[PDB]
Each structure stands twice: as structure tokens, then as C-alpha cells.
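Residue numbers (the entry's author numbering), protein chains in the order written: chain G, 1 to 32, 39 to 58, 66 to 72, 74 to 80, 83 to 114, 114A, 115 to 220, 223 to 232; chain A, 1 to 9, 11 to 35, 40 to 64, 67 to 72, 74 to 110, 125 to 139, 141 to 239; chain D, 199 to 329.
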Amino acid sequence: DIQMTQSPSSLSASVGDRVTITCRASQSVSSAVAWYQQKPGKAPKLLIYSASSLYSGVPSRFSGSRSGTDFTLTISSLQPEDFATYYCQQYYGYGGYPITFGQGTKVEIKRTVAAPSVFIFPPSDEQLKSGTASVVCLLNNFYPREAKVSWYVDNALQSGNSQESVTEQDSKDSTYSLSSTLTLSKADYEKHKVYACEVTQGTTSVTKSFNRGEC
Amino acid sequence: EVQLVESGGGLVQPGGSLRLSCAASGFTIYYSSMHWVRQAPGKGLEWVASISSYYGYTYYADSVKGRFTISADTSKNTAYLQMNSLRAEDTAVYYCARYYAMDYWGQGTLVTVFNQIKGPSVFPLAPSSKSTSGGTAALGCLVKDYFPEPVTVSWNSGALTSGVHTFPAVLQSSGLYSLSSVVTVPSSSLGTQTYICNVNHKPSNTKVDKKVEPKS
Amino acid sequence: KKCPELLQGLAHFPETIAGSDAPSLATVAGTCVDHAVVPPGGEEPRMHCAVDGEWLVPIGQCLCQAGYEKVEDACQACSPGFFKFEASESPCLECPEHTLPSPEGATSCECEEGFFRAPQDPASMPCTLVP
Ligand SMILES: [Cl-]
Ligand SMILES: [Cl-]
Ligand SMILES: [Cl-]
Ligand SMILES: [Cl-]
Ligand SMILES: [Cl-]
Ligand SMILES: [Cl-]
Ligand SMILES: [Cl-]
Ligand SMILES: [Cl-]
Ligand SMILES: [Cl-]
Ligand SMILES: [Cl-]
Ligand SMILES: [Cl-]
Ligand SMILES: [Cl-]
Ligand SMILES: [Cl-]
Ligand SMILES: [Cl-]
Ligand SMILES: [Cl-]
Ligand SMILES: [Cl-]
Ligand SMILES: [Cl-]
Ligand code: NA
């Protein structure tokens, strides 16, 4: 397979910015390269084909170019509708060889750094009756995406018993949110008092906690 | 207008079989090449197979050779993907698309390879002083121990969307999925306003509505 | 009792009077739109204007030439990556296996380096490995 090495895997930009996404083929693919846009919940959309031909109905702010094995998609003035994921593709030989795609580039909205609002939820008594306890930590509306979550049980740092999930950028304020779940047995949960979620972002850590034997 | 309408996806056990259809309108499928491209949840695009009834060829990704068969019926202007000996790694949204530079795409059809079906338990994430910041309180629903994907969540049957965050599922060490959905609401409203998460799990035909009440 | 200007079968037809006793008058010859032609063994388009003022279905037609395809009532050059090597009713075809992307309006796609097309084979033939 000819590989398409797409870079960067993501970038943050503002409306009106010039944006460039580059894809390097692992050998010559002639001009047999296309570029696609995809938004969540939707099928991909063809932008550019034959390396530089603009597909009908795609605005002229999109352009494609080739230099040897390097292919670039340029957006001359990023529009609100252009925040999306972009993929290159090669089809050299029109069937002679495996079709391959780049791994994609996510184009996100740049905004200022934002500290999360941090909340913690003890396990529900409904769940405790079932023999498992889940403690949930919520990091609400922060930016950039990068954050470290650490769990503590009676000041004992936990490891390997939590999992976390992140939302895509919020359409209103362009932030992210993140949830982390600590899983213990009921028996372990009722053996301890203080449960704490610590969120670290840059120069700031925020620890949210609760006393199992308080209200 | 050109349209590609897919059907035939769904739930299948490992080793089982499915047949996808791609019905074309607005052009003559015989004169085109058609392609199947799949997308695993959270991943990129992967070519699966190609066919040209005009040139009389079929081509397959190595990962599906010997298991999938691409075909067409030009008299029905439809393309097909017969998928046998399905594997967990085959779970994806499958698209059909026209031409190597894929200008028209079907709407996608989800193929889910499952070894078990289990509906979720839904636990409340109650608002409290550990989930309050001034005029704002966070609350939510923890959706635990379901399989397979997906689950969707709404609040108050769609009447509440502002401030909702529904997170991607995680795959627990148990083999089952879990996600959470949260919403931020005015903390003054907590005594008076009712907040219900609506959790839908098509694969088990289960919906759970859970009133989230303040803790006491 | 007047048939209007029409585009039909990639041919332009003039305004004609209806109810003419002469087949030279009620039936008119169409002229091919740009990049359309009448094939070597084809009928030149002619259309009859009826007494009530409505055109009948024409006899004969023009066809888009090599490198062009019919889009609505016009002939449009094949897109890059496509070709059409003869005047025919056919759309442009996507380049065959082991060819290189074609420019706009192409009559064939060039073979990939190391591949060839035998002269007896049409341009739709995919290229084969040079031994
Ligand atoms: Cl890549
Ligand atoms: Cl998606
Ligand atoms: Cl080029
Ligand atoms: Cl949009
Ligand atoms: Cl090669
Ligand atoms: Cl904010
Ligand atoms: Cl970020
Ligand atoms: Cl992160
Ligand atoms: Cl991928
Ligand atoms: Cl096969
Ligand atoms: Cl069938
Ligand atoms: Cl697998
Ligand atoms: Cl439940
Ligand atoms: Cl209430
Ligand atoms: Cl209820
Ligand atoms: Cl006239
Ligand atoms: Cl042809
Ligand atoms: Na066309």
C-alpha cells in the first residue's frame, strides 16, 4: 500500500486565517489525490480531486497543490463552516493498487485558555446496592483539551481504576468538557472517607472532594 | 440529483453474515465505479472494496479478502457488499461511494458485531454542594454496563439542550460500555424544576428515563 | 400555429410556422450545439411542427464529440480523471486500471509507467504490464 502521511493531526485556527494541511505520499502517486471534508454525523464531502481540481460547488477559498510526493490543501480564509476534519486520499492506478487515506486533520476553533469548573459526584445509593461504586469527576468547559486527572482515596493516589472521556468542541463557547470515573467495590468504598479528584492544567491544579461520612 | 441510499446494516454475531445494499438514482450505475468505505467509531476512513461493471473488475482490501464479496445488479441500479465471517474489528459505519474521487456518498449504515446484548443501568448524578458553583449546579446521569454501542441521551425529552454534555462511551475492563451525560442548571431551580435524562439503547430496545433529584 | 425555438437531442431548432402543406416547411433541420456532431452513420436531426403548434418528437440526433459529454442540452468537456474517445451517447468514463489522471477533455488516459495498451485495443482498455 502507498501510505498517505497527513500532518498535522490537528490545528487550532480563527475565522479568516489561512490554513494549510499537508499529505506526503510514500512513493509517487502522480496527481491521483483527493481531499475530503467530514463533520460529525455526516458522510465525507469531496473538495479537491486530481490533486488540484476544485469540485463543483466547493468555494474558491479551497485549493489543492502538488510538489512531487507532497500534496497540500489550502483554505485561504477559514470560515465558520470549515471547522471539520479533513482527509487526503490516493487512488494511483485507478484500481491497480489499494486505495488509501491519510489519518485526518481536525481543524478546531482557537480561543483563550479557560479553566474548568470542577464537580464531583459520589456513587448513588441505587448503585451501591448493586455491589459496585462509581465516583464521577466532571471538568466543565475548559480550553485547551489537555488536562491531567488524578484520583485520591484517603490521600492514597489511585492508578488503573479510572477512565476518562472528552467531548468535542462546544458549539457555543468552543471549550471542551471531560468526565472521569473511578470504579471501586462497595466494600472498598465504605472502608474509606475522603474521595478526591484532582485536575491539573498548566500552572493550576484544582482538587474536588467529599467525605463519605458527611452530607 | 444523484442519490445513494444504503440499507442492510445492523447487529450480527461473530461468524455471521450481513448484506449491504447501495441503491443509486440520478445516474446509471453501470457507467461508474462504486466503492465501499468504512469508518470505525472515532477513527478515520478505510477503503473496503471497489467494483466496475463497465470494466468488469472487483478489488478488495487485504483485511476483507476471502470474507466479503462486492457485486452489483445494474438492472436494479444497485451495488451490494456481502459480508460473511464477520469479526469484532469489522464494526463500523459502512459507506458506499461513487468513483475513485468519491463525489457522492450514501448516508452510511452501521454494522455492529456483538457477542452479547445488555441494556444499561442508569444511575443519578445528584446535584449537591460538591456540584455547585454559585448560581450554577451540575447534575447528570451515569449510564453503566451496556453492550454494544451506541447509546444516545437527551434531557426532559428534548426540552433541555443548553449546557448538556454527553460524553463518548468508555469500554470498561469488564467488556461493557459506560458513558455519562451532565447538564448545568440554575441552582435556584433545583427545588422546583424537574430534570430527567432520557437514555436510549437501540441494540437492546431499551429506553430509561431517570429523574435526577437533589441529594438529601 | 407557431412552434417555438427549441433545444432537443443536442440540436437547435428554429421557430417554425404550423400548418404548412410543404414538408420542406413544417419539418425543420436542427443544427448541432457546440461540440456536438452527427455521427458518420447517423441521421441528421429533423423535427416536425404540428398544426396545433406543438413539436413532434425529432428524428435523428447530434452526439457529443470525443472528449465531451452531454449535460442537459449541452456538450461539456470530460472532467480530469475521465475520458471519452468517440462521439457517442455515452457519458465520460473514469480512467481505467493502471492509467494516470487525464487532463480535462481527454480522449484517453495515459498508461502508468511500465504499462502499455496494445494498438488494437480501444482507449477504454486498461493498461497491462510491459513484459
Ligand atoms: Cl496519515
Ligand atoms: Cl462522524
Ligand atoms: Cl497538479
Ligand atoms: Cl456548520
Ligand atoms: Cl507502483
Ligand atoms: Cl468559558
Ligand atoms: Cl486543544
Ligand atoms: Cl485530555
Ligand atoms: Cl483511521
Ligand atoms: Cl473476497
Ligand atoms: Cl440481492
Ligand atoms: Cl476483530
Ligand atoms: Cl436503570
Ligand atoms: Cl422536583
Ligand atoms: Cl421518570
Ligand atoms: Cl427562431
Ligand atoms: Cl468512449
Ligand atoms: Na457531469
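Using N, Cα and C, we set each Cβ at its ideal position, and we do this for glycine too.
Paired residues, beta bridge with residue i - DSSP
i, result
"residue 209/A", "159/A"
"residue 133/G", "154/G"
"residue 200/A", "169/A and 194/A"
"residue 221/A", "177/A and 232/A"
"residue 86/G", "24/G and 83/G"
"residue 75/A", "Answer by DSSP bridge pairing: none, since residue 75/A is not bridged."
"residue 215/D", "200/D"
"residue 11/A", "133/A"
"residue 180/G", "194/G"
"residue 101/A", "44/A and 132/A"
"residue 274/D", "267/D"
"residue 213/G", "165/G and 224/G"
"residue 81/A", "86/A"
"residue 257/D", "244/D"
"residue 126/A", "106/A"
Boundaries (first-last residue) of the beta strand (DSSP E) holding residue i
i, result
"residue 21/A", "19-26"
"residue 147/A", "144-148"
"residue 94/G", "Here residue 94/G belongs to no beta strand (DSSP E), and DSSP marks it neither H nor E."
"residue 51/A", "51-57"
"residue 143/G", "Segment 140-143 is the alpha helix (DSSP H) holding residue 143/G; no beta strand (DSSP E) there."
"residue 141/A", "That residue, residue 141/A, is in no beta strand (DSSP E); it is neither H nor E in DSSP."
"residue 30/G", "Careful: residue 30/G lies outside any beta strand (DSSP E) and carries neither H nor E."
"residue 283/D", "No beta strand (DSSP E) contains residue 283/D, which DSSP labels as neither H nor E."
"residue 99/G", "Neither: residue 99/G is in no beta strand (DSSP E) and is coded neither H nor E."
"residue 164/G", "163-168"
"residue 91/A", "86-91"
"residue 267/D", "266-269"
"residue 62/A", "62-67"
"residue 121/G", "120-124"
"residue 53/G", "51-55"
Interface residues of chain D facing residue i [CB-CB closer than 8 Å]
i, result
"residue 32/A", "288, 289 and 291"
"residue 117/G", "What residue 117/G touches in chain D: nothing, since even the nearest Cβ is about 18 Å away."
Any non-hydrogen atom of ligand 5 within 7 Å of residue i CB
i, result
"residue 110/G", "no"
Partners in chain D for residue i, counting only beta-carbon separations shorter than 9 Å
i, result
"residue 108/A", "279, 292 and 293"
"residue 78/G", "None at all; the shortest Cβ gap to chain D is about 12 Å."
Minimum Cβ-Cβ distance from residue i to chain G less than 8 Å
i, result
"residue 210/D", "no"
"residue 299/D", "yes"
"residue 102/A", "no"
"residue 178/A", "no"
"residue 7/A", "no"
"residue 296/D", "yes"
"residue 310/D", "yes"
Element boundaries [alpha helix (DSSP H), containing residue i]
i, result
"residue 224/D", "221-224"
"residue 204/G", "201-204"
Minimum Cβ-Cβ distance from residue i to chain D less than 8 Å
i, result
"residue 67/A", "no"
"residue 56/G", "yes"
"residue 66/G", "yes"
Closer than 7 Å: residue i CB and nearest ligand 8 heavy atom
i, result
"residue 231/G", "no"
Residue i Cβ short of 7 Å to ligand 17 heavy atom set
i, result
"residue 268/D", "no"
"residue 283/D", "yes"
"residue 286/D", "yes"
"residue 322/D", "yes"
Contact set between residue i and chain D, taken where Cβ atoms lie within less than 7 Å
i, result
"residue 32/G", "299"
Residue i beta carbon near ligand 6 (any heavy atom closer than 7 Å)
i, result
"residue 271/D", "no"
Near ligand 11: residue i beta-carbon under 7 Å from a heavy atom
i, result
"residue 55/G", "no"
"residue 126/A", "no"
C-beta neighbour in chain A for residue i, strict 8 Å
i, result
"residue 227/G", "yes"
"residue 239/G", "The structure shown does not extend to residue 239/G, since chain G is modelled only from 1 to 232, so the question has no answer here."
"residue 103/G", "yes"
"residue 216/G", "no"
Amino acids of chain A, ordered along the chain, whose beta-carbon sits closer than 8 Å to that of residue i
i, result
"residue 196/G", "165, 193, 201 and 203"
Per-residue contacts from residue i into chain A (C-beta, under 9 Å)
i, result
"residue 182/G", "188, 189, 190 and 191"
Under 7 Å from the C-beta of residue i: neighbouring residues of chain A
i, result
"residue 151/G", "148, 165 and 203"
"residue 324/D", "60"
Partner residues on chain G for residue i, Cβ-Cβ distance less than 8 Å
i, result
"residue 47/A", "In chain order: nothing, as chain G lies at least about 10 Å away."
"residue 128/A", "49"
Residue i: CB within 7 Å of a non-hydrogen atom of ligand 12
i, result
"residue 96/A", "yes"
Neighbour list for residue i in chain G, Cβ cutoff strictly below 7 Å
i, result
"residue 207/A", "155"
"residue 267/D", "Going along chain G, no residue has its Cβ under 7 Å from residue 267/D, so there is no contact; the nearest lies around 14 Å."
Chain-ordered chain G contacts of residue i [CB-CB under 9 Å]
i, result
"residue 270/D", "Under the 9 Å cutoff, chain G gives no residues; its nearest Cβ is about 14 Å from residue 270/D."
Closer than 7 Å: residue i CB and nearest ligand 7 heavy atom
i, result
"residue 79/G", "no"
Residue i beta carbon near ligand 2 (any heavy atom closer than 7 Å)
i, result
"residue 47/G", "yes"
Cβ-heavy atom distance, residue i to ligand 16, below 7 Å
i, result
"residue 212/D", "yes"
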